[PDB]
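J.: Dumping the structure here so I can ask a few things about it.
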Amino acid sequence: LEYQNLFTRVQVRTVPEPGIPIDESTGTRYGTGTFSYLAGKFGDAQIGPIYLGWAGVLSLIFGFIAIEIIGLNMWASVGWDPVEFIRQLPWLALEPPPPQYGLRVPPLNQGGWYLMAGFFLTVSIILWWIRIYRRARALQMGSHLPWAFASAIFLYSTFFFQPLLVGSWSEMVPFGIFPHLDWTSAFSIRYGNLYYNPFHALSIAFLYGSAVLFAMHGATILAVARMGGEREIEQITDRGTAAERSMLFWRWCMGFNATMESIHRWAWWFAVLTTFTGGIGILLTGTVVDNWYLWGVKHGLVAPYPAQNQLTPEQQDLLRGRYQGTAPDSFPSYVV
Amino acid sequence: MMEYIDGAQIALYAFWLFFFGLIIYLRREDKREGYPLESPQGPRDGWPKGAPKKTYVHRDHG
Amino acid sequence: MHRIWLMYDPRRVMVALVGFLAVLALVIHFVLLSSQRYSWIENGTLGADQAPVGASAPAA
Amino acid sequence: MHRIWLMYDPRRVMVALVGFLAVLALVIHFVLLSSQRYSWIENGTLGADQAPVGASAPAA
Amino acid sequence: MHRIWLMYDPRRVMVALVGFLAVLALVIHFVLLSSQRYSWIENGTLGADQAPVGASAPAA
Amino acid sequence: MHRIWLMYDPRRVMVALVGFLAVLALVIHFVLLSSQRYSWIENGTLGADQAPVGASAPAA
Amino acid sequence: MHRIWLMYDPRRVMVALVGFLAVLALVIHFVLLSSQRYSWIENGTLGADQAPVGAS
Amino acid sequence: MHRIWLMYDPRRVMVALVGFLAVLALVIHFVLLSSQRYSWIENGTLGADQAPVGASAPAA
Amino acid sequence: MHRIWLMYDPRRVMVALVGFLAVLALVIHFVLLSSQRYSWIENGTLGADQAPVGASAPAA
Amino acid sequence: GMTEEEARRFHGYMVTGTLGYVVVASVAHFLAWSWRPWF
Amino acid sequence: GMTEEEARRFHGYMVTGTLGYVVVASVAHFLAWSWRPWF
Amino acid sequence: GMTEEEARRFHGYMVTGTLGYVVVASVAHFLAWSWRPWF
Amino acid sequence: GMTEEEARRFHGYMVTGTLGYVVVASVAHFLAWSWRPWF
Amino acid sequence: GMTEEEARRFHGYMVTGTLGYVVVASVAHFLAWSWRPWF
Amino acid sequence: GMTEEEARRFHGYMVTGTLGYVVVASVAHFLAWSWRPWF
Amino acid sequence: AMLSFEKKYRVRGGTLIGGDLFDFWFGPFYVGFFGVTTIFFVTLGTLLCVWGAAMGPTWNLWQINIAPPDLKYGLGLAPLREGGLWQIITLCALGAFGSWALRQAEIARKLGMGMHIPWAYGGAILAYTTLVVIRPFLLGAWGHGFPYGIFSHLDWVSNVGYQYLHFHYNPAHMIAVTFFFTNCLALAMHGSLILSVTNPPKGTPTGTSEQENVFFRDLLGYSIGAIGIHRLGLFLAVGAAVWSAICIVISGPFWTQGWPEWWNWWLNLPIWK
Amino acid sequence: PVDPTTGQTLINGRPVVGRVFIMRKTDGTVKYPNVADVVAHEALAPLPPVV
Ligand SMILES: CCCCCCCCCCCCCC(=O)OC[C@H](COP(=O)(O)OCC(O)COP(=O)(O)OC[C@@H](COC(=O)CCCCCCCCCCCCC)OC(=O)CCCCCCCCCCCCC)OC(=O)CCCCCCCCCCCCC
Ligand code: BCL
Ligand SMILES: CC[C@H]1c2cc3[nH]c4c(c3C)C(=O)[C@H](C(=O)OC)c4c3nc(cc4[nH]c(cc(n2)[C@@H]1C)c(C(C)=O)c4C)[C@@H](C)[C@@H]3CCC(=O)OC/C=C(\C)CCC[C@H](C)CCC[C@H](C)CCCC(C)C
Ligand SMILES: CC[C@H]1c2cc3[nH]c4c(c3C)C(=O)[C@H](C(=O)OC)c4c3nc(cc4[nH]c(cc(n2)[C@@H]1C)c(C(C)=O)c4C)[C@@H](C)[C@@H]3CCC(=O)OC/C=C(\C)CCC[C@H](C)CCC[C@H](C)CCCC(C)C
Ligand SMILES: *[C@H]1O[C@H](CO)[C@@H](O[C@@H]2O[C@@H](C)[C@H](O)[C@@H](O)[C@H]2O)[C@H](O)[C@@H]1O[C@H]1O[C@H](C(=O)O)[C@@H](O[C@H]2O[C@H](CO)[C@@H](O)[C@H](O)[C@H]2NC(C)=O)[C@H](OC(C)=O)[C@H]1OC(C)=O
Ligand SMILES: COC(C)(C)C/C=C/C(C)=C/C=C/C(C=O)=C/C=C/C(C)=C/C=C/C=C(C)/C=C/C=C(\C)CC/C=C(C)/C=C/C=C(\C)C(=O)O
Ligand SMILES: COC(C)(C)C/C=C/C(C)=C/C=C/C(C=O)=C/C=C/C(C)=C/C=C/C=C(C)/C=C/C=C(\C)CC/C=C(C)/C=C/C=C(\C)C(=O)O
Ligand SMILES: COC(C)(C)C/C=C/C(C)=C/C=C/C(C=O)=C/C=C/C(C)=C/C=C/C=C(C)/C=C/C=C(\C)CC/C=C(C)/C=C/C=C(\C)C(=O)O
Ligand SMILES: COC(C)(C)C/C=C/C(C)=C/C=C/C(C=O)=C/C=C/C(C)=C/C=C/C=C(C)/C=C/C=C(\C)CC/C=C(C)/C=C/C=C(\C)C(=O)O
Ligand SMILES: COC(C)(C)C/C=C/C(C)=C/C=C/C(C=O)=C/C=C/C(C)=C/C=C/C=C(C)/C=C/C=C(\C)CC/C=C(C)/C=C/C=C(\C)C(=O)O
Ligand SMILES: COC(C)(C)C/C=C/C(C)=C/C=C/C(C)=C/C=C/C(C)=C/C=C\C=C(C)\C=C\C=C(C)\C=C\C=C(C)\C=C\CC(C)(C)OC
Ligand SMILES: CCCCCCCCCCCCO[C@@H]1O[C@H](CO)[C@@H](O[C@H]2O[C@H](CO)[C@@H](O)[C@H](O)[C@H]2O)[C@H](O)[C@H]1O
Ligand SMILES: [Fe+3]
């Protein structure tokens with residue numbers, strides 16, 4: 001019943017909408033500001049003009065062609081049927097090359113479009129990084145954001161380098177909603193349960209810690225927003241009672257605290273380390289360790305359970321299978 | 001030819017040394033406000049000792 | 001040489017040094033203890049010619 | 001060497017030293033207690049000739 | 001020797017000491033209680049000649 | 001020895017004491033109830049000649 | 001002996017005490033209720049010589 | 001006796017009481033309904049000698 | 001050349017240099033320790049004629 | 001808060017409330033016992 | 001803050017209530033012991 | 001804050017409460033021993 | 001903080017109590033050793 | 001901070017405590033050695 | 001911050017302590033080599 | 001010890017239970033009645049975890065495994081060495097987490113803060129309570145809870161997922177994952193922005209809310225604003241835990257088949273059946 | 001061994017008052033020593049692919 005600061009009953013509007021302050025060359029602001037009533041009820045109201053420059057324009061051209069290649073291959077895979085393109089959409093994929101090609105260029109239908117879409121997507125992501133970096137400099141800001149984004153790009157690039165290091169493009173992630181989840185599950189199966197990869201475990205701890213911190217910090221700032229705690233830059237340069245009370249809450253709760261500035265460093269590192277430890281864990285997989293559960297047995301991670309079955313010595317020879325080979329390329333008659 | 005030592009383990013201790021270094025750095029940053037602590041036995045710094053309080057240059061006029 | 005201690009505070013360097021030597025010593029001891037040849041807590045009483053040795057080059 | 005106590009507050013150094021020694025002692029005891037040869041809570045009453053020894057290099 | 005209590009508030013040392021001794025004692029009891037030889041709740045009535053002993057090194 | 005009550009607030013030493021004893025009592029009862037020899041709720045009516053005794057394997 | 005109520009306001013003790021005893025009584029009943037010998041909801045009619053004994 | 005209602009707000013104690021009794025009544029009915037002997041919605045029409053009973057101790 | 005110390009603070013450079021050298025040395029040592037040829041803790045005593053060598057044959 | 005006479009009259013209802021509740025429960029237990037006794 | 005005669009008055013009730021509870025609990029154990037002894 | 005007089009008074013109850021508790025505990029242990037010795 | 005006279009007085013209790021605790025523990029090890037020696 | 005005479009005084013205890021500790025550890029190692037040598 | 005004469009006094013302790021440490025470590029390698037040479 | 005500004009805040013009052021009785025600090029920590037109950041349950045639960053390690057096969061931290069009972073025990077307490085200990089530790093956990101949230105409410109009331117932090121933590125408690133209370137209750141046996149062990153509980157997560165053949169296809173799980181990933185992205189942007197205006201390149205003036213607002217608006221096309229980003233971060237982080245609770249409670253109690261075949265309703269919409 | 005006189009277990013030749021059971025850790029679980037030991041309880045390694 002006490003006002004919760006979750007919703008704003010009274011917005012105000014300025015007849016002019018703010019523009020961009022400085023450094024308009026090699027690129028210019030597109031559009032002009034407008035106000036959204038819904039966005040203005042969640043948060044701030046101005047849907048703005050936007051900046052691209054050279055890097056942003058090129059990023060969109062490369063990224064459009066990548067997405068266009070993905071979609072057209074998906075749509076071709078249901079025979080151009082537009083009803084099936086929508087009905088089956090999350091099952092559709094643009095799929096990596098066949099394994100026996102290794103790193104060679106594959107046929108166009110058999111993964112040649114995949115590598116082309118993957119190349120343009122990668123260039124598009126790098127140009128978008130350059131855009132963000134240039135824009136941070138032009139606004140006279142620190143480069144904290146482009147290095148945060150570089151950590152995500154690092155994990156993304158391991159989905160290129162680990163297939164390269166194991167020596168086959170067939171090991172790459174298919175472009176598709178459910179297909180890339182099929183790949184994600186099968187990758188953990190092939191490499192013997194990724195739960196025992198310790199860099200995967202670290203990445204999870206930082207993924208969970210990022211949710212812990214944004215829950216704690218989000219709730220903390222809303223609990224003092226009645227005192228201007230959300231004006232964080234002002235609280236950092238001119239500590240008010242809102243900053244003092246949020247420091248004391250955590251000190252009295254758990255025995256130590258951050259500051260209004262340094263809480264944002266904790267946030268930054270927990271997010272960044274999620275994808276950085278993740279990338280390392282991928283790059284070790286199939287290159288250094290091929291069965292993570294057995295690595296866990298070696299290093300003492302695996303809890304012992306009582307045996308569910310016991311094999312006789314002849315069953316140990318009978319129940320070994322074969323490694324999976326090639327599919328049969330003929331349709332046998334059994335007539336004789 | 002080391003049987004027990006392997007690259008995944010080597011990487012993991014490399015990370016632990018960085019991470020414990022990082023926690024120290026963050027706990028130094030966390031003490032730029034409110035420290036040194038008041039105590040009936042005089043000032044206290046905790047550990048690590050905090051980084052000094054920053055002074056912020058305001059935008060000259062606008 | 002001594003002017004290094006004007007560029008750096010000896011209070012910081014000495015704690016950095018102690019921390020470095022602590023970590024380095026523990027790394028070398030635990031690497032050795034994990035080896036076969038120098039797992040001295042299990043095999044320290046073996047004489048030098050009885051202690052494990054890694055396998056030679058293959059011979060055929 | 002007593003002027004090390006003018007570089008560093010002895011009240012802080014002693015807490016750090018007590019902390020260091022406690023952690024180190026517990027580490028070494030737990031290393032030994034994990035071993036075979038020095039699993040003394042189970043095999044402490046064995047004679048020195050009877051205690052486990054880790055395997056030697058095999059003879060040619 | 002008593003000037004140690006000018007340096008440290010005895011009111012804080014006694015808290016630290018009681019905390020340390022409490023955890024240490026619980027550690028040692030649970031370690032022993034997890035052992036085979038000193039699992040005294042199940043086996044405490046056995047004579048010392050009857051109590052478990054860990055494996056010897058085999059002679060050859 | 002009564003100076004303890006000058007160093008520490010008796011209102012909350014006594015809360016700490018009652019808390020500590022309650023935790024300790026519950027731990028010991030749950031430990032004994034986990035055992036075989038002292039699962040009194042199910043085997044409490046057995047005489048000492050019937051009561052379980054733990055031993056190691058006969059090691060023939 | 002009465003001076004503990006000058007240290008502890010009795011109205012604030014008695015609410016705490018009731019909670020502790022309510023939980024303790026519930027815990028003890030459930031420990032018994034799912035033991036073999038004292039699962040009285042299902043074997044309460046047996047009589048003392050027929051009731052289970054945890055021998056093994 | 002009535003000075004209990006001078007110590008505590010009667011309104012609060014009535015809400016506390018009714019909440020406890022409602023939850024307690026629900027728990028006991030669920031425990032009975034979840035049992036074999038008292039699963040009355042399915043077996044309530046059985047006579048007192050045909051309602052389930054939990055097994056006795058063995059004869060030896 | 002010394003203008004390098006005017007462009008960059010030597011205090012900042014020295015940390016970067018020592019950091020680079022320490023990492024590079026640790027990388028090279030563990031790469032050699034992971035090899036067969038140079039796994040010196042296990043096989044350092046072998047002597048150069050019987051130290052491992054990587055496979056020759058391009059063919060035949 | 002409340003006056004000691006107002007406390008006095010409230011207590012009489014709380015007592016007779018508790019008594020009427022116990023009475024119904026006691027009859028309910030005797031009915032349950034007559035249908036399927038538990039000892 | 002409570003006066004010493006108020007504390008003394010409460011203490012008499014608090015002792016008597018505790019001991020009455022313990023007496024009732026002892027009778028409950030006597031019935032439980034008679035029905036199914038645990039030693 | 002309590003005086004050394006009050007501290008001495010309080011300590012007397014604390015000692016006799018401890019002793020009374022230790023006595024009850026020791027009787028409980030001797031009952032437990034005679035029922036089922038642990039050594 | 002404390003006077004040096006107060007430091008001397010506390011040190012007397014602290015050393016005495018520490019050694020008393022070590023004496024009780026040394027007897028506990030005498031008994032434990034007699035029952036089941038660990039070397 | 002300390003005055004240098006206090007630093008001089010404290011060091012003498014610190015050295016003696018370090019010596020006393022190393023001595024006890026030296027006996028502990030020679031007991032351990034004669035029980036079960038590690039070389 | 002230090003005067004140059006303080007830096008010079010510190011430097012000689014720091015050098016001596018480093019060389020002292022390296023001397024002790026040299027004996028440790030002499031002992032380790034005598035027990036089990038790594039080449 | 002106290003922060004240099006702290007002392008004037010250390011007033012009495014704001015408790016929910018106990019009043020002045022426990023209204024004091026111990027070092028940095030506020031105690032209170034729920035502090036006392038916190039320490040009780042934490043201590044009892046932790047020592048019973050150590051007891052679980054002692055009677056199990058190893059002291060190796062990664063391998064300790066205090067497992068729930070067999071399903072045959074249903075909703076009863078099992079024998080303590082057969083999973084009843086896991087049940088007692090679970091009660092301590094519920095008591096400790098509940099005491100922690102109520103102690104947070106007492107601290108917030110003492111500082112004149114809104115109740116946002118206790119309720120945000122309630123999201124995590126809801127997920128834990130779903131895993132060990134609600135879902136096992138709906139399945140009719142406490143043995144459906146996860147074991148207490150650093151890696152053995154990951155074995156439980158693996159096996160529960162494959163009980164539904166392909167757990168990625170669980171629709172609430174897809175939403176929960178999307179919240180977790182979106183939260184981590186949003187946290188990196190919020191951290192970066194505040195740091196980059198407060199720590200600009202050397203010789204640049206300190207930034208402003210306007211610069212932060214302009215840059216953010218080039219990233220997403222719209223201004224979120226200062227309170228908006230903290231609302232978003234709270235919505236994302238707590239929504240992730242709530243959708244996690246949903247995704248696990250529907251798995252078993254409500255859906256029993258493989259998760260891929262749940263999507264059959266989408267394939268059979270009448271416009272394209 | 002059991003004493004024929006009294007039906008009573010003898011440990012190291014001397015009697016035990018009680019009902020002797022062999023102590024084991026929870027459910028008889030035993031820590032995995034090695035990868036080799038884990039692999040020794042498994043089937044042999046799979047045969048090579050048919051390509
Ligand atoms: C998994 C990936 C993600 C995992 C993510 C994990 C993130 C964890 C981040 C938080 C960890 C630090 C917590 C903290 O700072 O608490 C304050 C306390 C004291 O310093 P202060 O606050 O500045 O000053 C107050 C004090 O000086 C005087 O206060 P007062 O007189 O009122 O009270 C008495 C004293 C007594 O001191 C203590 O009791 C300290 C005991 C600390 C033990 C726990 C250390 C955990 C380290 C974890 C990092 C790592 C260790 C290896 O002060 C207090 O009572 C303070 C009570 C603080 C209670 C904090 C409890 C935190 C438990 C965290 C457990 C985390 C488990 C994961 O700090 C410390 O004692 C030292 C902590 C130093 C930072 C850790 C750096 C470790 C680097 C590696 C070892 C370095 C060796 C040289
Ligand atoms: C059966 C399934 C396996 C499994 C298999 C894997 C695999 C395989 C991987 C992970 C990875 C991760 N897993 Mg796992 N995982 C399992 C179980 C779990 C559980 C759980 C509760 O059980 C959790 C919480 C997690 C959690 C996590 C994360 C910590 C981690 C991903 C970090 C990240 O931010 O990625 C999300 C962030 C990114 C992908 C970065 C992307 C950034 C780029 C720049 C974005 C480009 C967008 C572009 C511009 C536009 C695209 C347009 C379209 C192409 C049309 N896993 C089990 C054991 N998991 C990853 C990892 O790091 O492993 C070590 C990984 O690769
Ligand atoms: C720290 C780790 C976390 C993280 C961080 C992170 N990601 C980031 C950032 C950061 C800090 C950015 O700054 C960056 C960003 O821009 O954020 C808004 C980004 C980003 N994170 C993204 C996604 C993303 N992040 C993810 C994850 C995470 N990101 C981690 C959890 C995931 C997951 C979980 O899978 C995804 C999918 C993007 C939204 C964004 C990078 C955008 C980008 O690179 O876009 C390149 C451009 C294209 C793909 C092309 C789009 C084309 C359109 C169809 C328009 C076509 C118009 C026209 C036809 C062509 C042009 C014509 C010309 C004539 C004009
Ligand atoms: C709801 C969104 C996310 C969230 C938010 C969140 N967590 C929070 C908060 C908030 C808002 C707090 O205010 C609170 C806090 O104070 O943080 C510092 C907290 C907190 N989140 C924590 C952890 C945590 N949060 C997690 C998750 C999440 N927290 C969600 C994703 C996880 C995960 C996913 O694994 C963990 C481990 C704590 C640091 C803290 C709550 C501290 C607390 O309750 O303290 C009292 C209890 C103890 C100190 C110990 C209790 C010990 C038990 C009695 C015995 C052990 C039993 C246990 C079940 C064993 C488990 C073994 C495992 C190996 C399985
Ligand atoms: C058609 O041919 C393909 C390709 O050989 C067969 O698939 C093989 O077997 C599968 C196990 C595997 O998945 C696949 O990679 C591939 O190895 C497929 O089963 C059909 O087989 C029949 O025809 C085979 C063929 O290739 O002609 C024939 O194989 C035999 O004959 C050829 C030619 O004379 C000879 O080169 C092969 O070595 C020989 N193989 C064997 C194993 O004897 C199959 O005959 C037999 C006995 O296998 C055909 O199979 C049947 C049942 O008719
Ligand atoms: C599975 O088996 C397990 C479960 C495990 C086994 C364990 C079981 C356990 C441990 C059980 C515990 C039971 C228990 C305690 O411990 C039980 C305690 C029960 C009690 C105390 C019940 C009290 C009931 C009282 C009632 C209904 C009152 C009714 C009427 C009222 C109030 C008056 C209405 C009129 C008003 C208000 C107006 C007055 C005038 C006014 C205001 C005016 O005039 O001003
Ligand atoms: C599975 O097996 C495991 C569980 C593991 C085995 C182990 C179990 C363990 C360890 C158990 C420990 C138990 C324990 C330990 O101490 C239990 C302790 C129990 C205790 C202390 C109970 C005390 C009860 C006290 C009562 C009921 C008092 C009532 C008072 C009343 C009614 C009057 C109040 C005053 C009034 C109304 C004033 C009116 C006048 C006024 C105001 C005026 O006149 O002004
Ligand atoms: C099985 O495995 C594991 C568990 C691992 C094995 C190991 C276990 C271990 C290590 C156990 C350690 C146990 C231990 C160690 O020390 C145990 C030590 C216990 C102790 C010290 C108990 C002391 C109890 C004292 C009591 C009850 C006193 C009560 C006082 C009362 C009632 C009086 C109240 C009235 C007053 C004051 C008067 C007010 C007047 C006023 C105000 C006035 O006049 O003003
Ligand atoms: C995998 O490897 C594995 C297996 C782990 C193996 C490898 C292990 C390794 C690498 C070990 C390294 C060990 C090491 C390295 O340096 C260890 C170094 C240890 C050291 C330095 C110990 C020093 C101890 C000193 C003590 C105890 C001093 C006590 C002093 C006292 C009591 C007096 C205090 C003062 C008083 C009372 C006076 C007050 C007066 C005042 C105030 C006044 O007058 O004002
Ligand atoms: C597994 O195998 C892998 C790991 C793979 C193999 C590879 C390993 C590698 C790469 C190793 C690299 C090692 C290395 C590289 O640099 C190692 C370098 C080590 C170094 C530099 C050691 C230096 C030690 C210096 C010491 C101890 C100094 C002590 C000084 C003292 C005591 C005096 C203090 C001052 C005082 C007392 C003055 C007070 C008075 C004052 C102030 C007054 O009076 O004012
Ligand atoms: C008409 O227009 C239409 C209607 C078709 C437009 C609509 C399009 C639609 C509907 C598109 C739908 C797209 C969807 C649903 C896409 C889903 C994508 C997902 C979920 C992808 C998930 C993961 C993908 C990953 C991780 C891919 C990673 C690939 C990498 C890193 C590839 C790198 C490749 C390189 C660098 C290639 C280099 C080229 C070589 C090797 C040859 O030379 C250097
Ligand atoms: C096995 C151990 C081998 C030796 C270990 C190393 C420590 C040796 C200490 C005893 C030998 C003398 O060591 C010597 O001490 C003197 C003071 O006493 C130090 O001298 C230091 O303080 C004096 C003033 O007091 C300054 O003038 C001098 O410039 C400064 O270095 C020397 O730097 C150190 O070299
Ligand atoms: Fe913020």
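If you're wondering about the labels, chains in the structure tokens are A, B, ... by order shown, residues count from 1 in each chain, ligands from 1 in order shown.
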Within 10 Å of ligand 13 (counting only C-alpha atoms and all ligand atoms), which residues show up? I'd like them as a list in words.

T.: residues 214, 217, 218, 220, 221, 222, 229, 230, 231, 232, 233, 260, 261, 262, 263, 264 and 267 of chain A; 187, 190, 191, 193, 194, 195, 226, 227, 229, 230 and 233 of chain P

J.: Please check the contacts: residues of chain N at most 12 Å away from chain M, using only C-alpha atoms, listed as an MDAnalysis selection string.

T.: chainID N and resid 31:32 34:36

J.: Using C-alpha atoms, can you write the selected residues to a file as a short mmCIF file (atom, residue, chain, number, x, y, z; two decimals), in the first residue's frame?

T.:
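Final file, result.cif:
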```cif
data_model
loop_
_atom_site.label_atom_id
_atom_site.label_comp_id
_atom_site.auth_asym_id
_atom_site.auth_seq_id
_atom_site.Cartn_x
_atom_site.Cartn_y
_atom_site.Cartn_z
CA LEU N 31 58.87 -37.17 17.20
CA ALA N 32 57.17 -37.60 13.82
CA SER N 34 61.27 -41.29 14.77
CA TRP N 35 57.71 -42.62 14.48
CA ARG N 36 57.57 -42.73 10.68
#
```

J.: Could you pull out the residues sitting within 8 Å of ligand 1, using only C-alpha atoms and all ligand atoms, and write them as number ranges by chain?

T.: A: 202, 205-206, 209, 254-257; B: 20-21, 23-24, 27, 31, 37, 39, 44-50; C: 19; P: 1-2, 26-29

J.: Any chance you could dump chain C, least-squares fitted to chain E on all C-alpha atoms in order, as a short mmCIF file (atom, residue, chain, number, x, y, z; two decimals) with C-alpha atoms, in the first residue's frame?

T.:
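As written to disk, part.cif reads:
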```
data_model
loop_
_atom_site.label_atom_id
_atom_site.label_comp_id
_atom_site.auth_asym_id
_atom_site.auth_seq_id
_atom_site.Cartn_x
_atom_site.Cartn_y
_atom_site.Cartn_z
CA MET C 1 53.41 -10.17 28.35
CA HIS C 2 50.30 -8.36 29.59
CA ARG C 3 50.72 -5.41 27.21
CA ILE C 4 49.19 -7.63 24.50
CA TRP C 5 45.86 -6.71 26.14
CA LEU C 6 46.55 -3.06 25.35
CA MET C 7 47.23 -3.86 21.69
CA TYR C 8 44.09 -6.03 21.52
CA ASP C 9 40.74 -5.62 23.28
CA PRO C 10 40.19 -8.63 25.59
CA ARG C 11 36.45 -8.54 24.80
CA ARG C 12 37.25 -9.36 21.18
CA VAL C 13 40.09 -11.81 21.82
CA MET C 14 38.05 -13.87 24.28
CA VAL C 15 35.14 -14.25 21.85
CA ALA C 16 37.59 -15.03 19.04
CA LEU C 17 39.20 -17.66 21.27
CA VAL C 18 35.87 -19.26 22.25
CA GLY C 19 34.86 -19.40 18.59
CA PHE C 20 38.21 -20.90 17.59
CA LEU C 21 38.10 -23.60 20.27
CA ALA C 22 34.48 -24.42 19.42
CA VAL C 23 35.31 -24.91 15.73
CA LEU C 24 38.56 -26.79 16.39
CA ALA C 25 36.96 -29.22 18.86
CA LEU C 26 34.08 -29.96 16.48
CA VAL C 27 36.53 -30.52 13.62
CA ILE C 28 38.59 -33.00 15.63
CA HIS C 29 35.55 -34.87 16.98
CA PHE C 30 33.91 -35.15 13.55
CA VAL C 31 37.17 -36.24 11.89
CA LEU C 32 37.57 -38.96 14.53
CA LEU C 33 33.91 -40.01 14.36
CA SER C 34 34.23 -40.43 10.58
CA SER C 35 37.30 -42.68 10.94
CA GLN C 36 37.12 -46.45 11.31
CA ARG C 37 39.34 -46.73 14.38
CA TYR C 38 37.64 -43.99 16.43
CA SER C 39 33.97 -44.19 15.36
CA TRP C 40 33.25 -44.49 19.06
CA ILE C 41 29.45 -44.21 18.87
CA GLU C 42 29.28 -47.46 16.89
CA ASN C 43 32.46 -49.20 18.10
CA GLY C 44 33.43 -47.59 21.43
CA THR C 45 32.86 -50.80 23.42
CA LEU C 46 35.61 -52.65 21.51
CA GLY C 47 38.83 -53.27 23.40
CA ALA C 48 42.03 -51.67 22.19
CA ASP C 49 43.26 -54.83 20.42
CA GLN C 50 39.85 -55.43 18.80
CA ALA C 51 39.57 -51.89 17.39
CA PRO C 52 40.20 -51.43 13.64
CA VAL C 53 43.75 -50.77 12.44
CA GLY C 54 44.78 -49.48 9.03
CA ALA C 55 46.42 -51.94 6.66
CA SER C 56 50.18 -52.55 6.86
CA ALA C 57 52.81 -52.13 4.19
CA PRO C 58 52.25 -54.75 1.44
CA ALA C 59 54.11 -58.05 1.80
CA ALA C 60 54.88 -60.52 -0.98
#
```

J.: Check every protein, DNA and RNA residue against ligand 5, keep those with an atom at most 8 Å away (counting only C-alpha atoms and all ligand atoms), and present them as a ChimeraX atom specification.

T.: /A:325-334,336 /Q:50-51

J.: Within 6 Å of ligand 2, which residues show up when you count only C-alpha atoms and all ligand atoms? List them as an MDAnalysis selection string, please.

T.: (chainID A and resid 67 125 152:153 155:156 184:185 187:188 193:195 199:200 203:204 207 274:275 278:279 281:282) or (chainID P and resid 181)
